[PDB]
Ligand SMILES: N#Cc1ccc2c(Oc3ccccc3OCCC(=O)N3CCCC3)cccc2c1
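Before any questions on how it binds or moves, here is one chain, the form solved without the ligand, in structure tokens.
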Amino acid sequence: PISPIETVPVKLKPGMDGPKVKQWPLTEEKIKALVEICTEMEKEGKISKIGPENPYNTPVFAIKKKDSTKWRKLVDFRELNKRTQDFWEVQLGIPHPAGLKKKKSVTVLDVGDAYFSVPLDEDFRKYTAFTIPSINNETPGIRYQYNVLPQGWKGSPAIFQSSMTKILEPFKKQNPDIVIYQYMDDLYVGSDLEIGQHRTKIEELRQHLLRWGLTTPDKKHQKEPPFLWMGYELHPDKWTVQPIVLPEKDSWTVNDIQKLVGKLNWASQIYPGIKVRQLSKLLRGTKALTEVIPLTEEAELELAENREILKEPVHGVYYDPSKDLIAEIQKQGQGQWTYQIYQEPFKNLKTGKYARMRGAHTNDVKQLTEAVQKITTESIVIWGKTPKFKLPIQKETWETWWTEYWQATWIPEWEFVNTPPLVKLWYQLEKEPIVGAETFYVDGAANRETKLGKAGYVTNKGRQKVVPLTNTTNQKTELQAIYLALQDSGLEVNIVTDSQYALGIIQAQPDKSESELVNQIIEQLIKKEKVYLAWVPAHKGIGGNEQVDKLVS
């Protein structure tokens, strides 16, 4: 005799009315399994029969459970969804195995028919109305309404999830030496109790749950490891992922590469060193999902290195709140970084990758800081604390970077790990003008209409150059003039520009750029011994700046 779950008051969006979308034609095979599933629900009380008085209908369909013999009813509620009040979702993140502590005794059980065990709001029920063709549009069919949370309604997850928590609330408080991880209907239950007292507590849990109309079928009651949970396999002293299936197809479309790259992403959480840059590059373009795409030489080298990683079987360990967290990062080239989080050597809690390329012009130091930032946040999500970092960068390098950079930047407690390739700054601009170095006053201009331009410079020794440029812009020519100065100067050079655009880019010491010309300037800067950049306002008749402004205008 259950104590029924109090309803959740749910309204429609002000001044909108229920759904009126008629059922699309249903293929025969579905119509039958559909009718039998309906009648079951009708016997159970999950759906009420009334249909003369309610004008509303929503289309229904049916799909099989995952790896199961059974047929599952789905309601297309997107119209109701638009008309229903917004909800605030209480599912904030996904539990991760590496956040679990080790438990002597563990159980994994699932609530059976979750949504259909929680009574819908009385007044809202009429809007869930739907119609099923009795026998392939031979006879009218029967109208029905939901008595519980229906699959397909945008408010069903939030309401079930919140109800589930209110039911579990007193059981946790009055058993403070149990740990229950609830994800929707899936419960993980761990204790350091004797498996006897554990099985008892479990049985107490199912009763309490059955007491609120929530069944826990035996078919979903895991008692022996490896526990299947959230797509992982939990053993008593180690965890791992459920097998990854890599498409080995010789012909790849767009969609094949997307699926492939996605799966590798999912593998990167425990398989160290996964790289997706080359594969992802293949994806970049207007190519539609169907078009077939040949793998680049370097792209299938990546896939091969990936296979070599997925060859071995990796496992993660669990978390010991008494040991520090440690994060170690390696540079993998071309803006790719992987890391490991662990507490004891070679026993990785988990791994991951950071490869986001943000900005047209950046350097490794910026990218490492971003990787540190992602890892700090991921760590606070899973363990609620910042790990000690081990980074491939000299203390001196970091100090020189962050103290001279014009934005505030920082990295929490860390130490140098001497693991090549090390991160370093590839050049450094002088703080003061260089005595005895040639001063190049550069400028560049383009014609807004012609897209034709010039770049050049004048020098304190009389040296001069002007170059005609086609299909260009002001900003390109400004970079070009700096390029010319660097090409034509000795190992030490003073350069005076009026390009705020150009000085902005170069002063952030980029080491890689999406622009070939910027890359060319970087290459010149690395070869130099001393470079001093200085800005002057344009059109104020300064220096050779007014003398070079008239050359290229």
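Residue numbers here begin at 1 and follow the sequence given.
- Taking the mean C-alpha B-factor of each stretch as recorded, 448-456 and 146-154 are not equal, and the higher mean is that of 146-154.
- Stretches 249-257 and 84-92 differ in mean CA B factor, with 249-257 having the higher one.
- Across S499, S515, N494, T39, the greatest Cα temperature factor reported in the deposited entry is at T39.
- Annotation for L503, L484, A62, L525: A62 ranks highest, by Cα B-factor.
- Sort the modelled residues of the chain by CA B factor and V536 lands in the lowest third.
- When all modelled residues of the chain are sorted by CA temperature factor, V8 is found within the middle third.
- Looking at the C-alpha B-factors along this chain, the one for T290 belongs to the highest third.
- In the PDB entry, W406 places in the lowest third of its chain by CA B-factor.
- For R125, the recorded CA B-factor ranks within the highest third of the chain. Only modelled residues enter the ranking.
This next part talks about the form solved in complex with the ligand, which is not shown.
- Shown here without its ligand, the chain is overlaid with the ligand as it sits in the entry with it bound; three or more ligand atoms lie within 2.4 Å of backbone or C-beta atoms, and the site is blocked.
- In plain terms, the part of the chain that comes close to the ligand in the entry with it bound, with a heavy atom within 4.5 Å, is 232-240 out of 120-128, 232-240, 298-306, 285-293.
- Proximity of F227 to the ligand in the entry with it bound: non-hydrogen atoms within 4.5 Å are present.
- Among residues of the shown chain, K102 is one whose heavy atoms approach the ligand to within 4.5 Å in the entry with it bound.
- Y181 belongs to the set of residues with a heavy atom inside 4.5 Å of the ligand in the entry with it bound.
- Among residues of the shown chain, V189 is one whose heavy atoms approach the ligand to within 4.5 Å in the entry with it bound.
- Proximity to the ligand in the entry with it bound, defined as a heavy atom within 4.5 Å, singles out one entry of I329, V276, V106, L80, which is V106.
- In the entry with it bound, the ligand lies within 4.5 angstroms of a heavy atom of only one residue of 309-343, namely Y318.
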